[PDB]
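Just one chain follows, in the form deposited in one PDB entry, and it is written as structure tokens.
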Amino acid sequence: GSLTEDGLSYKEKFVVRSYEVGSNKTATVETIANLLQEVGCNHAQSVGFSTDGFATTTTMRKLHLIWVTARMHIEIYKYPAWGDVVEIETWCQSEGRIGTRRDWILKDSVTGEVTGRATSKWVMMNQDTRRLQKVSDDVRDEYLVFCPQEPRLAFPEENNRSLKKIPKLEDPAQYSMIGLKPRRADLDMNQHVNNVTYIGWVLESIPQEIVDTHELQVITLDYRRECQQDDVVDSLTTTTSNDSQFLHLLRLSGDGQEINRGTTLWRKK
């Protein structure tokens, strides 16, 4: 992988592995989300971020600040097959004092066709108190160094799906998968649950018949609170809809505290 000629974005190619694919011999959406995180991490290393797993700037380290994910939104047109090469381009943008955004475009390396796109929103937090805060002038100045100054959006459309508000699922849920818990493979190098694990847990409550007859086209996931290593999670889903749409909720098994909410859109094969 490498920064592009202008140094404002980063590209990397991945060969899809045997264990990364599902029943149709194409990459799962969790494999896609892991590749998006990996290229994001390689881009951060290439522009001087800390190499301790927290991806912080110099000002952030001085002030004990970290970024936390607020939303992930992925749209896939074609999942790459086992052995195929996918090229992913990523870049960041500051959104004033609100937070920052990381965007991605996925392409078939042989054809050059766009096969998917993604966007994520991040908010600043004090690492010690876990309290949110606005982005300071010093941090916005650091982002100006390696971000395009004119807007560059993976989702340019007017009132596009990636910014839509998600409602809270009402009990009783139509479907559920109870008692989910992370194992060590679900943790990152800093012993926090990996963001991709929550996508897997959301999908656990989709019936196997939908997975067998449909392809996932869009997933939008809000993150509200982290699941700790000793927490247990319930995954709830209700149909809201040739397309099938669902509303999702992840909450702690032991008090019902919400940790995530989301929606998925599926197309019949």
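Just count from 1 along the sequence shown to find any residue number. Only the largest set of C-alpha atoms that superpose within 1.5 Å between the two forms is called the rigid core.
Same protein, other form: the form deposited with a small molecule bound, not shown, and the subject of what follows.
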Contact flag, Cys92 vs the small molecule in the entry with it bound, heavy atom cut 4.5 Å: yes
Contact label in the entry with it bound: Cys147 to the small molecule, heavy atom within 4.5 Å: yes
Check whether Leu63 has any heavy atom within 4.5 Å of a heavy atom of the small molecule in the entry with it bound, and answer yes or no. no
Does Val218 reach the small molecule in the entry with it bound if we count a contact as any heavy atom within 4.5 Å? no
Has the Cα of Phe49 moved 2 Å or more between this form and the one not shown, judged after a core fit? no
